[PDB]
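The file start-v9.txt comes next; it holds compact mmCIF, C-alpha atoms and all ligand atoms.
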```
# COMPACT_ATOMS: atom_id res chain seq x y z
CA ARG A 1 104.42 91.64 111.08
CA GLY A 2 105.40 93.69 107.89
CA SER A 3 109.21 93.24 108.12
CA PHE A 4 110.80 89.87 107.23
CA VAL A 5 114.43 90.64 106.41
CA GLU A 6 115.71 87.04 106.77
CA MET A 7 113.23 85.80 104.02
CA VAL A 8 113.79 88.50 101.33
CA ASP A 9 115.54 87.17 98.19
CA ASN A 10 115.13 83.51 99.36
CA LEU A 11 114.11 82.21 95.88
CA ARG A 12 116.38 81.41 92.93
CA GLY A 13 115.76 79.98 89.44
CA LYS A 14 116.73 80.00 85.77
CA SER A 15 114.47 81.45 83.09
CA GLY A 16 112.04 78.67 82.04
CA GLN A 17 112.80 76.44 85.01
CA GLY A 18 110.64 77.91 87.84
CA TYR A 19 111.42 79.34 91.27
CA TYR A 20 112.75 77.23 94.07
CA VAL A 21 113.54 77.73 97.77
CA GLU A 22 116.07 75.86 99.87
CA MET A 23 114.65 73.35 102.38
CA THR A 24 116.13 70.77 104.65
CA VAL A 25 114.53 67.38 105.48
CA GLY A 26 115.51 64.74 108.09
CA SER A 27 118.05 64.60 110.97
CA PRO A 28 120.70 65.44 110.39
CA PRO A 29 119.31 67.94 107.95
CA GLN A 30 119.63 67.16 104.18
CA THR A 31 119.58 70.29 102.00
CA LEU A 32 117.35 70.26 98.88
CA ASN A 33 116.15 72.89 96.39
CA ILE A 34 112.43 72.70 96.04
CA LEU A 35 110.13 74.23 93.38
CA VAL A 36 107.46 76.48 94.85
CA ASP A 37 104.08 75.45 93.33
CA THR A 38 100.82 77.14 94.36
CA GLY A 39 98.98 74.90 91.81
CA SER A 40 99.46 71.56 93.64
CA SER A 41 99.41 70.28 97.24
CA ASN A 42 102.06 67.54 97.61
CA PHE A 43 105.54 67.96 99.10
CA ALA A 44 107.42 65.48 96.76
CA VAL A 45 111.24 65.06 96.52
CA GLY A 46 113.51 62.97 94.36
CA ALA A 47 114.72 60.01 96.53
CA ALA A 48 116.75 58.00 94.06
CA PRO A 49 119.77 58.83 91.83
CA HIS A 50 117.94 60.10 88.71
CA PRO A 51 120.63 61.48 86.43
CA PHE A 52 119.07 64.94 86.09
CA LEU A 53 119.32 65.48 89.94
CA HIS A 54 122.06 67.36 91.82
CA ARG A 55 120.93 65.63 94.94
CA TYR A 56 118.17 63.60 96.45
CA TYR A 57 116.55 62.61 99.75
CA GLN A 58 118.29 59.69 101.35
CA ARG A 59 115.75 58.35 103.87
CA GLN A 60 118.34 55.91 105.26
CA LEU A 61 120.38 58.85 106.67
CA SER A 62 117.51 60.25 108.71
CA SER A 63 116.75 59.20 112.23
CA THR A 64 113.42 60.99 112.24
CA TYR A 65 111.95 59.44 109.02
CA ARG A 66 108.70 57.59 109.64
CA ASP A 67 107.41 55.36 106.88
CA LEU A 68 103.64 55.56 106.03
CA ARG A 69 103.69 52.04 104.26
CA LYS A 70 101.82 53.58 101.34
CA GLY A 71 102.77 54.26 97.68
CA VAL A 72 101.36 56.96 95.38
CA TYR A 73 101.20 57.18 91.56
CA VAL A 74 100.78 60.75 90.28
CA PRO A 75 100.33 61.40 86.61
CA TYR A 76 99.86 64.88 85.13
CA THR A 77 99.00 65.97 81.59
CA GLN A 78 102.74 66.25 81.09
CA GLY A 79 104.57 63.41 82.84
CA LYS A 80 104.27 61.47 86.05
CA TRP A 81 105.97 60.28 89.20
CA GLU A 82 105.45 57.43 91.70
CA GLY A 83 106.72 57.51 95.22
CA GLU A 84 106.59 56.22 98.79
CA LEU A 85 104.85 58.25 101.50
CA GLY A 86 106.46 59.02 104.84
CA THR A 87 106.89 61.84 107.34
CA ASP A 88 110.06 63.58 108.46
CA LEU A 89 111.29 66.85 110.10
CA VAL A 90 111.34 69.75 107.63
CA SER A 91 112.74 73.32 107.85
CA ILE A 92 113.17 76.29 105.62
CA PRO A 93 116.59 77.88 106.40
CA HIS A 94 115.61 81.29 104.87
CA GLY A 95 111.97 80.94 106.12
CA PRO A 96 110.60 80.96 109.68
CA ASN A 97 112.85 79.61 112.49
CA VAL A 98 110.77 76.38 113.07
CA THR A 99 110.90 72.63 112.25
CA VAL A 100 107.74 70.67 111.46
CA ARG A 101 106.84 67.04 110.93
CA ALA A 102 105.47 66.95 107.33
CA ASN A 103 104.27 64.36 104.78
CA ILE A 104 106.89 63.79 102.13
CA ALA A 105 106.44 61.66 98.99
CA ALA A 106 109.85 60.16 98.26
CA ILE A 107 109.91 60.02 94.45
CA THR A 108 111.28 56.68 93.37
CA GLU A 109 110.37 56.79 89.65
CA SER A 110 109.51 59.69 87.35
CA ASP A 111 108.93 60.53 83.62
CA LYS A 112 109.14 64.08 82.05
CA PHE A 113 108.96 65.55 85.53
CA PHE A 114 112.49 66.72 86.46
CA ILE A 115 114.18 69.21 84.12
CA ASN A 116 117.64 68.31 82.74
CA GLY A 117 119.99 71.15 83.73
CA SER A 118 117.76 72.54 86.48
CA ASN A 119 118.83 73.11 90.08
CA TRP A 120 115.81 71.71 91.92
CA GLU A 121 115.00 68.24 93.15
CA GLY A 122 111.37 68.35 94.37
CA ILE A 123 108.16 70.40 94.53
CA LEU A 124 106.44 72.18 97.37
CA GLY A 125 102.75 72.13 96.64
CA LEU A 126 101.22 75.07 98.59
CA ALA A 127 97.55 74.60 97.62
CA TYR A 128 94.89 72.83 99.71
CA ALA A 129 94.18 69.22 100.83
CA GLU A 130 91.19 68.83 98.46
CA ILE A 131 93.73 68.23 95.62
CA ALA A 132 96.42 66.41 97.50
CA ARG A 133 97.32 62.87 96.21
CA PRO A 134 96.29 60.19 96.90
CA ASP A 135 93.43 62.05 98.64
CA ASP A 136 92.56 64.84 100.98
CA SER A 137 93.65 63.07 104.11
CA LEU A 138 97.31 63.66 103.23
CA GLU A 139 97.79 66.95 104.99
CA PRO A 140 99.77 69.39 102.74
CA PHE A 141 102.99 71.03 104.12
CA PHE A 142 101.49 74.44 104.77
CA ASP A 143 98.64 73.01 106.79
CA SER A 144 101.24 71.11 108.93
CA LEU A 145 103.29 74.22 109.42
CA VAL A 146 100.32 76.26 110.64
CA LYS A 147 98.93 73.39 112.75
CA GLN A 148 102.25 72.78 114.61
CA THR A 149 103.70 76.28 115.03
CA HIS A 150 102.62 79.88 115.68
CA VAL A 151 103.29 80.82 112.04
CA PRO A 152 100.28 82.91 110.77
CA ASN A 153 98.14 81.22 108.10
CA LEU A 154 99.43 83.16 105.08
CA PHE A 155 102.33 83.49 102.73
CA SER A 156 103.32 85.85 99.92
CA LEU A 157 105.36 85.58 96.71
CA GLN A 158 107.34 88.09 94.76
CA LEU A 159 108.62 86.41 91.57
CA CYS A 160 111.15 88.58 89.72
CA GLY A 161 111.68 87.74 85.97
CA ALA A 162 114.70 88.90 83.93
CA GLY A 163 115.83 89.85 80.36
CA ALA A 164 119.68 84.37 82.68
CA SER A 165 118.87 83.84 86.37
CA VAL A 166 115.58 84.73 88.18
CA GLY A 167 114.94 85.30 91.93
CA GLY A 168 112.39 86.60 94.34
CA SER A 169 110.94 86.08 97.83
CA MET A 170 108.57 83.75 99.49
CA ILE A 171 107.46 85.32 102.75
CA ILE A 172 106.02 82.58 105.02
CA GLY A 173 103.74 83.90 107.72
CA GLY A 174 103.37 87.58 106.63
CA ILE A 175 103.88 90.35 104.06
CA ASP A 176 107.00 92.45 103.62
CA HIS A 177 106.11 96.04 102.67
CA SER A 178 109.31 96.79 100.78
CA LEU A 179 108.35 94.11 98.21
CA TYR A 180 105.54 96.14 96.57
CA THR A 181 104.36 99.67 95.79
CA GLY A 182 100.86 101.20 96.13
CA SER A 183 98.07 99.30 97.83
CA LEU A 184 97.16 95.58 98.01
CA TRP A 185 93.73 94.80 96.46
CA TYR A 186 92.16 91.51 97.48
CA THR A 187 90.11 88.92 95.57
CA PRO A 188 88.10 86.15 97.36
CA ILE A 189 89.38 82.61 97.10
CA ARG A 190 86.31 81.01 95.69
CA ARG A 191 86.88 77.46 97.06
CA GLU A 192 89.94 76.15 98.87
CA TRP A 193 91.36 73.51 96.54
CA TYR A 194 93.48 75.32 94.05
CA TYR A 195 93.74 79.04 94.83
CA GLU A 196 90.64 79.59 92.62
CA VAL A 197 89.56 83.20 91.85
CA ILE A 198 86.99 84.79 89.60
CA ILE A 199 87.84 86.90 86.60
CA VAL A 200 85.03 89.40 85.78
CA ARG A 201 86.29 91.29 82.75
CA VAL A 202 89.29 91.09 80.39
CA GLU A 203 90.55 94.02 78.25
CA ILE A 204 93.33 94.13 75.61
CA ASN A 205 94.66 97.70 75.64
CA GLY A 206 91.49 98.91 77.34
CA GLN A 207 89.23 97.24 74.75
CA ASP A 208 86.91 94.73 76.35
CA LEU A 209 86.69 91.13 74.93
CA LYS A 210 82.94 91.45 75.71
CA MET A 211 82.32 87.78 76.41
CA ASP A 212 79.84 86.24 78.89
CA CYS A 213 82.22 86.40 81.84
CA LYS A 214 81.35 82.74 82.64
CA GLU A 215 83.78 82.21 79.66
CA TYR A 216 86.78 83.68 81.60
CA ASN A 217 86.42 81.10 84.34
CA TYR A 218 85.42 77.97 82.37
CA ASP A 219 85.83 75.68 84.26
CA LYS A 220 88.00 77.57 86.89
CA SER A 221 90.64 80.26 87.18
CA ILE A 222 93.58 79.77 89.55
CA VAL A 223 96.75 81.51 90.71
CA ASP A 224 99.70 79.08 89.96
CA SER A 225 103.49 79.73 90.43
CA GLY A 226 104.25 76.26 89.03
CA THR A 227 103.17 77.18 85.44
CA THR A 228 104.94 79.66 83.17
CA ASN A 229 102.16 80.80 80.84
CA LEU A 230 99.00 82.77 81.24
CA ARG A 231 96.67 80.09 80.10
CA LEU A 232 93.20 81.11 78.78
CA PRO A 233 90.11 78.93 78.18
CA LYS A 234 90.10 78.03 74.44
CA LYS A 235 87.17 80.39 73.47
CA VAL A 236 88.74 83.32 75.38
CA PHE A 237 92.23 82.59 74.02
CA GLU A 238 90.77 82.71 70.46
CA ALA A 239 89.25 86.16 71.19
CA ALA A 240 92.31 87.46 72.99
CA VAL A 241 94.96 86.64 70.37
CA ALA A 242 92.74 88.01 67.58
CA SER A 243 92.57 91.27 69.56
CA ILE A 244 96.34 91.23 70.35
CA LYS A 245 97.13 90.40 66.64
CA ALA A 246 95.07 93.39 65.60
CA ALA A 247 96.70 95.76 68.22
CA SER A 248 100.22 94.77 66.91
CA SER A 249 99.55 94.62 63.12
CA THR A 250 102.09 97.45 62.58
CA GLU A 251 104.57 94.44 62.41
CA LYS A 252 103.81 90.92 60.93
CA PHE A 253 104.56 87.58 62.67
CA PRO A 254 104.19 83.99 61.43
CA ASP A 255 100.85 82.42 62.65
CA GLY A 256 102.89 79.63 64.32
CA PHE A 257 104.17 82.26 66.73
CA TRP A 258 100.69 82.99 68.26
CA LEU A 259 100.33 79.28 68.79
CA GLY A 260 103.62 79.02 70.76
CA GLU A 261 104.85 76.78 67.89
CA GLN A 262 107.76 79.05 66.78
CA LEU A 263 109.80 81.86 68.38
CA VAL A 264 110.28 85.30 67.03
CA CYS A 265 113.60 87.19 66.90
CA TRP A 266 114.78 90.75 66.72
CA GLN A 267 118.22 92.37 66.60
CA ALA A 268 119.59 92.64 70.20
CA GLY A 269 118.38 95.76 72.09
CA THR A 270 115.65 96.37 69.40
CA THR A 271 112.56 94.47 70.81
CA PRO A 272 109.58 96.68 69.78
CA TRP A 273 107.57 96.54 73.08
CA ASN A 274 105.57 99.60 72.01
CA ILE A 275 103.62 97.67 69.26
CA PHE A 276 102.38 95.14 71.81
CA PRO A 277 99.32 95.93 73.93
CA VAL A 278 98.90 95.84 77.78
CA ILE A 279 96.45 93.10 79.04
CA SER A 280 94.08 93.68 81.98
CA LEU A 281 92.19 91.19 84.06
CA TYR A 282 89.55 92.56 86.38
CA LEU A 283 89.05 90.43 89.44
CA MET A 284 86.09 90.09 91.77
CA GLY A 285 86.60 92.42 94.70
CA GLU A 286 85.83 92.16 98.44
CA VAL A 287 82.69 94.26 98.40
CA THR A 288 79.38 93.58 96.52
CA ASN A 289 79.52 94.98 92.98
CA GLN A 290 83.20 96.08 93.40
CA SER A 291 86.14 94.83 91.37
CA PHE A 292 89.77 95.87 90.75
CA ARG A 293 92.05 95.46 87.70
CA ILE A 294 95.56 94.01 87.25
CA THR A 295 97.58 94.88 84.14
CA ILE A 296 100.58 93.15 82.60
CA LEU A 297 103.00 94.28 79.90
CA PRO A 298 104.39 92.54 76.87
CA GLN A 299 107.49 92.08 79.04
CA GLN A 300 105.51 89.57 81.02
CA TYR A 301 103.90 87.64 78.17
CA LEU A 302 106.90 87.73 75.68
CA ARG A 303 109.52 85.50 77.40
CA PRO A 304 113.16 85.57 76.33
CA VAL A 305 114.61 82.30 75.11
CA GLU A 306 118.46 82.07 75.47
CA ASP A 307 120.41 78.85 74.59
CA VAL A 308 118.73 79.18 71.17
CA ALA A 309 121.21 77.58 68.71
CA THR A 310 119.44 78.59 65.45
CA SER A 311 120.92 82.13 65.95
CA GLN A 312 122.50 84.70 68.43
CA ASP A 313 119.72 87.43 68.22
CA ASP A 314 117.00 88.35 70.94
CA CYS A 315 114.37 85.54 70.60
CA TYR A 316 111.04 85.46 72.40
CA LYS A 317 108.27 82.96 73.01
CA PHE A 318 104.58 84.00 73.09
CA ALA A 319 103.53 82.79 76.59
CA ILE A 320 99.75 83.12 76.41
CA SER A 321 98.27 79.79 75.52
CA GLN A 322 94.97 78.10 75.15
CA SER A 323 93.75 75.83 78.03
CA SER A 324 91.28 73.00 78.61
CA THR A 325 91.66 73.43 82.37
CA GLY A 326 90.41 77.00 82.73
CA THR A 327 92.42 80.16 83.23
CA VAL A 328 95.88 79.74 84.77
CA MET A 329 97.56 82.86 86.07
CA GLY A 330 101.10 81.49 86.01
CA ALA A 331 104.44 83.28 86.22
CA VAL A 332 103.40 85.47 83.21
CA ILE A 333 100.92 87.14 85.63
CA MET A 334 102.77 86.67 88.99
CA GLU A 335 106.02 88.27 87.81
CA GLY A 336 104.18 91.64 87.62
CA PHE A 337 102.96 91.51 91.21
CA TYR A 338 103.43 90.88 94.84
CA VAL A 339 100.81 88.15 95.53
CA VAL A 340 99.62 87.50 99.05
CA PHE A 341 97.94 84.13 99.69
CA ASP A 342 95.90 85.18 102.68
CA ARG A 343 94.61 81.79 103.62
CA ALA A 344 93.32 83.06 107.05
CA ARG A 345 90.77 85.33 105.32
CA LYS A 346 90.29 83.21 102.16
CA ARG A 347 91.50 85.93 99.83
CA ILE A 348 94.45 86.66 97.50
CA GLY A 349 96.06 90.14 97.39
CA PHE A 350 97.77 91.84 94.49
CA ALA A 351 100.05 94.84 94.48
CA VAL A 352 102.61 96.14 91.94
CA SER A 353 105.85 94.34 92.44
CA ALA A 354 108.87 96.40 93.47
CA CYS A 355 110.97 94.21 91.12
CA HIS A 356 108.83 93.79 87.92
CA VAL A 357 110.46 94.15 84.46
CA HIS A 358 109.25 97.31 82.71
CA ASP A 359 110.26 100.38 80.65
CA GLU A 360 110.03 104.19 80.41
CA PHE A 361 106.39 104.29 79.07
CA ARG A 362 104.42 101.54 80.87
CA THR A 363 104.55 99.57 84.21
CA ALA A 364 102.30 96.73 85.52
CA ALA A 365 99.34 98.26 87.47
CA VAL A 366 96.79 97.30 90.18
CA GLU A 367 93.88 99.82 90.22
CA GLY A 368 90.48 99.94 91.95
CA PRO A 369 87.66 100.22 92.73
CA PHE A 370 85.51 99.63 89.66
CA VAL A 371 81.78 99.09 89.68
CA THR A 372 80.95 95.67 88.13
CA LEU A 373 77.55 94.11 88.43
CA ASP A 374 76.52 90.39 88.36
CA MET A 375 79.99 89.17 89.29
CA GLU A 376 78.44 86.01 90.81
CA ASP A 377 77.28 85.03 87.28
CA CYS A 378 80.99 84.72 86.30
CA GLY A 379 81.82 81.63 88.32
CA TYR A 380 81.36 78.32 86.46
CA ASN A 381 79.44 75.47 88.20
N1 LIG B 1 108.14 80.43 85.64
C1 LIG B 1 108.07 79.29 85.73
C2 LIG B 1 108.03 77.85 85.83
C3 LIG B 1 108.85 77.05 84.95
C4 LIG B 1 108.81 75.67 85.08
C5 LIG B 1 107.96 75.15 86.09
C6 LIG B 1 107.80 73.70 86.23
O1 LIG B 1 108.53 72.91 85.69
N2 LIG B 1 106.75 73.31 86.97
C7 LIG B 1 106.31 72.03 87.18
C8 LIG B 1 107.04 70.90 86.79
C9 LIG B 1 106.46 69.68 86.99
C10 LIG B 1 105.20 69.59 87.55
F1 LIG B 1 104.62 68.38 87.67
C11 LIG B 1 104.49 70.72 87.87
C12 LIG B 1 103.11 70.59 88.40
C13 LIG B 1 103.28 69.60 89.53
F2 LIG B 1 102.05 69.53 90.16
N3 LIG B 1 102.53 71.79 88.96
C14 LIG B 1 101.76 72.56 88.25
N4 LIG B 1 101.24 73.68 88.84
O2 LIG B 1 101.41 72.42 86.97
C15 LIG B 1 101.84 71.26 86.24
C16 LIG B 1 102.14 70.14 87.24
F3 LIG B 1 100.89 69.87 87.77
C17 LIG B 1 105.05 71.95 87.69
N5 LIG B 1 107.18 75.92 86.86
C18 LIG B 1 107.20 77.25 86.80
NA NA B 2 99.19 77.56 114.72
NA NA B 3 105.30 99.12 100.09
```

Let's see the structure in the file written out as structure tokens.
Amino acid sequence: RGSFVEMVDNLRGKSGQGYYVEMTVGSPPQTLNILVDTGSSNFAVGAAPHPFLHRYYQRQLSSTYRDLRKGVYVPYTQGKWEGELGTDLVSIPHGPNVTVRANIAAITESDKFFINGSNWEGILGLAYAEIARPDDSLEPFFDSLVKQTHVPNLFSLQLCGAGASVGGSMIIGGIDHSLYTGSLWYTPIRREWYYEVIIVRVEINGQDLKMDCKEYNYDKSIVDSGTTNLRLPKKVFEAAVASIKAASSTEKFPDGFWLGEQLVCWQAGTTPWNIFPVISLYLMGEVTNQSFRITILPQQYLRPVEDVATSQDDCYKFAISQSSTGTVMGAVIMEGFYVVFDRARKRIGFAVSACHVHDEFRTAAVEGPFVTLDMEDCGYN
């Protein structure tokens, strides 16, 4: 409890390609790098020689592989994979010292799923059975781990961005106190499917968007380490960029930029962070009529793009985007915070990350309590 030395710094990644952890599957163990995704619930690994893959799961080499005689076809908005279901022995070498028998979907065909030039070969979906494919009877990894071992039913994530290569920590079974500063503030998980939460107020530099808060959660809001952007419901995105545009009007940007349709560039070491506003989400708290507020900086929502062959300046992408799936607190939000997925008490904790990217004037912030009435009105049905 509170001290997990062996698990600190156990994530790696490249800017734009997500955070992965090393896992082993089968006997003898096959090492694979696996994307950590709190927005899905399947453990799915490449199992055929796709040319983007450094390596892949070779079921023939494993004496412990048990076939489930069942295929699965999984399309997403972007891309798709199909695979064959089975179970095998799984471990996390920089995670707890245990081996579990888990469902694995051996990916045998995929489109627009793997990233060319990335270093991972599968995804670890850490959300709940209700959204597992093909259905909720395919027990997700984390449920198998807690069912079969003494590992406590929680995990926490510190995702560290950069300004090159990313890193961070996934602490499985506890919280490590050196990963954050100040206090953890907790928000209820509204329903265990995605890690769904309820946003109760949104401010852009302390000015409130002043929308029916049902708008912030239409049709859900979720915490999701497998998406880069902060995604906002269309109506709220419209309000938010208009307010951010206005706060930054000391400089002008093409309109394409606010749509994530073009990048914007400054002379190296001259990004004007100061003209961009902080953005605060207030989340439903643990106590009736109580909320707390998280705040992110332009450093989280302006993402550097390197390997840009138009020019060799400092080029950024606006990473707040409109959504048709509700609010998505991706890496744009998580990179500011230590986030504790406290599945045993159905709640998510936030604290200021010990590693977040900041400057001399502003840091990301987690502050409470605030008095907010009618917070139950904010959830969408
Ligand atoms: N930061 C960051 C970051 C960059 C890339 C990636 C990435 O490629 N993720 C990724 C790639 C392929 C995926 F198919 C997913 C899924 C799998 F379910 N998971 C979520 N949650 O949303 C979309 C999709 F449903 C995520 N993730 C995080
Ligand atoms: Na247990
Ligand atoms: Na601490």

List all protein, DNA and RNA residues that have any atom at most 8 Å from ligand NA 2 (chain B), counting only C-alpha atoms and all ligand atoms, and write the list as a PDB file with C-alpha atoms, keeping the file's coordinate frame.
```
ATOM      1  CA  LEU A 145     103.290  74.220 109.420  1.00  0.00           C
ATOM      2  CA  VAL A 146     100.320  76.260 110.640  1.00  0.00           C
ATOM      3  CA  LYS A 147      98.930  73.390 112.750  1.00  0.00           C
ATOM      4  CA  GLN A 148     102.250  72.780 114.610  1.00  0.00           C
ATOM      5  CA  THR A 149     103.700  76.280 115.030  1.00  0.00           C
ATOM      6  CA  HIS A 150     102.620  79.880 115.680  1.00  0.00           C
ATOM      7  CA  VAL A 151     103.290  80.820 112.040  1.00  0.00           C
ATOM      8  CA  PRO A 152     100.280  82.910 110.770  1.00  0.00           C
ATOM      9  CA  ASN A 153      98.140  81.220 108.100  1.00  0.00           C
TER      10      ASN A 153
END
```

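Nearest to residue 363 of chain A of all the residues A:36, A:193, A:318, A:273 is A:273, based on all atoms listed in the file.
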
> Separation of atom CA of residue 344 of chain A and atom CA of residue 161 of chain A, in Å?
Replying inline: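 Separation between atom CA of residue 344 of chain A and atom CA of residue 161 of chain A: 28.3 Å.
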
Taking every listed atom of segment 336-341 of chain A and adding 3 Å to each side, what centre and edge lengths in Å (one decimal) does the axis-aligned box have, as lines of an AutoDock Vina configuration file?
```
center_x = 101.1
center_y = 87.9
center_z = 93.7
size_x = 12.2
size_y = 13.5
size_z = 18.1
```

> What residues have any atom no more than 10 Å from ligand NA 3 (chain B) when counting only C-alpha atoms and all ligand atoms, and can you list them as a list in words?
Replying inline: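 The distance check yields residues 2, 175, 176, 177, 178, 179, 180, 181, 182, 183, 184, 338, 351, 352, 353 and 354 of chain A.
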
>> Would you pick out the contacts of segment 115-122 of chain A at 9 Å or less, using only C-alpha atoms, so that residues sharing its chain but fewer than 6 positions from it are not included, and give the list as a list in words?
In response: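 Close residues of segment 115-122 of chain A: residues 13, 14, 17, 19, 20, 21, 22, 32, 33, 34, 35, 43, 44, 45, 46, 47, 51, 52, 53, 54, 55, 56, 57 and 107 of chain A.
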
>> Quick check, in Å to one decimal: how far apart do atom CA of residue 326 of chain A and atom CA of residue 222 of chain A lie?
In response: 8.0 Å

> What gap, in Å, lies between atom CA of residue 5 of chain A and atom CA of residue 88 of chain A?
Replying inline: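 Straight-line distance from atom CA of residue 5 of chain A to atom CA of residue 88 of chain A works out to 27.5 Å.
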
>> At a cut-off of 9 Å and counting all atoms listed in the file, what residues surround ligand LIG 1 (chain B)? Please answer as a VMD selection string.
In response: chain A and resid 13 to 19 35 to 42 74 to 81 112 to 115 122 to 125 159 161 166 224 to 229 330 to 332 334 to 335

Within 9 Å of residue 199 of chain A, counting all atoms listed in the file, which residues qualify if same-chain residues fewer than 3 places away don't, as a CSV table (one decimal) with C-alpha atoms, in the frame of the given file?
```csv
chain,number,residue,atom,x,y,z
A,202,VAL,CA,89.3,91.1,80.4
A,213,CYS,CA,82.2,86.4,81.8
A,214,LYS,CA,81.4,82.7,82.6
A,216,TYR,CA,86.8,83.7,81.6
A,217,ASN,CA,86.4,81.1,84.3
A,221,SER,CA,90.6,80.3,87.2
A,281,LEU,CA,92.2,91.2,84.1
A,282,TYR,CA,89.6,92.6,86.4
A,283,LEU,CA,89.0,90.4,89.4
A,284,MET,CA,86.1,90.1,91.8
A,327,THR,CA,92.4,80.2,83.2
A,375,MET,CA,80.0,89.2,89.3
A,378,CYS,CA,81.0,84.7,86.3
A,379,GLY,CA,81.8,81.6,88.3
```

> Nearest to residue 129 of chain A among A:291, A:106, A:91, A:194, with distances taken over only C-alpha atoms: which residue is it?
Replying inline: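 With only C-alpha atoms as the atom set, the closest residue is A:194.
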
>> Please determine, counting only C-alpha atoms, which residue among A:294, A:100, A:164, A:340 has the shortest atom-to-atom distance to residue 200 of chain A.
In response: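 Among A:294, A:100, A:164, A:340, it is A:294 that comes nearest to residue 200 of chain A.
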
Where atoms are absent from segment 171-182 of chain A, fill them in so it carries N, CA, C and O atoms, then output it as a JSON list (two decimals), keeping the file's coordinate frame.
```
[["chain", "number", "residue", "atom", "x", "y", "z"],
["A", 171, "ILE", "N", 107.56, 84.94, 101.33],
["A", 171, "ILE", "CA", 107.46, 85.32, 102.75],
["A", 171, "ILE", "C", 106.42, 84.41, 103.45],
["A", 171, "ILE", "O", 105.23, 84.48, 103.12],
["A", 172, "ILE", "N", 106.85, 83.57, 104.40],
["A", 172, "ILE", "CA", 106.02, 82.58, 105.02],
["A", 172, "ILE", "C", 105.59, 83.18, 106.31],
["A", 172, "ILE", "O", 106.41, 83.51, 107.14],
["A", 173, "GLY", "N", 104.28, 83.38, 106.48],
["A", 173, "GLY", "CA", 103.74, 83.90, 107.72],
["A", 173, "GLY", "C", 103.52, 85.40, 107.75],
["A", 173, "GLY", "O", 103.27, 85.95, 108.84],
["A", 174, "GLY", "N", 103.62, 86.09, 106.61],
["A", 174, "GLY", "CA", 103.37, 87.58, 106.63],
["A", 174, "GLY", "C", 103.64, 88.24, 105.27],
["A", 174, "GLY", "O", 103.75, 87.53, 104.24],
["A", 175, "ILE", "N", 103.69, 89.56, 105.25],
["A", 175, "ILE", "CA", 103.88, 90.35, 104.06],
["A", 175, "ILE", "C", 105.06, 91.24, 104.39],
["A", 175, "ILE", "O", 105.25, 91.62, 105.54],
["A", 176, "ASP", "N", 105.91, 91.53, 103.41],
["A", 176, "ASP", "CA", 107.00, 92.45, 103.62],
["A", 176, "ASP", "C", 106.70, 93.64, 102.71],
["A", 176, "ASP", "O", 106.64, 93.50, 101.46],
["A", 177, "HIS", "N", 106.47, 94.78, 103.35],
["A", 177, "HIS", "CA", 106.11, 96.04, 102.67],
["A", 177, "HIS", "C", 107.09, 96.60, 101.68],
["A", 177, "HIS", "O", 106.68, 97.27, 100.75],
["A", 178, "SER", "N", 108.37, 96.30, 101.80],
["A", 178, "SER", "CA", 109.31, 96.79, 100.78],
["A", 178, "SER", "C", 109.21, 95.99, 99.46],
["A", 178, "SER", "O", 109.83, 96.35, 98.49],
["A", 179, "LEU", "N", 108.45, 94.90, 99.42],
["A", 179, "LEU", "CA", 108.35, 94.11, 98.21],
["A", 179, "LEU", "C", 107.33, 94.64, 97.17],
["A", 179, "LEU", "O", 107.28, 94.17, 96.03],
["A", 180, "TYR", "N", 106.54, 95.64, 97.52],
["A", 180, "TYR", "CA", 105.54, 96.14, 96.57],
["A", 180, "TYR", "C", 105.37, 97.65, 96.68],
["A", 180, "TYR", "O", 105.81, 98.24, 97.67],
["A", 181, "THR", "N", 104.72, 98.27, 95.70],
["A", 181, "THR", "CA", 104.36, 99.67, 95.79],
["A", 181, "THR", "C", 102.83, 99.80, 95.72],
["A", 181, "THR", "O", 102.12, 98.87, 95.26],
["A", 182, "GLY", "N", 102.30, 100.94, 96.20],
["A", 182, "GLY", "CA", 100.86, 101.20, 96.13],
["A", 182, "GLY", "C", 100.12, 100.31, 97.11],
["A", 182, "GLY", "O", 100.73, 99.89, 98.07]]
```
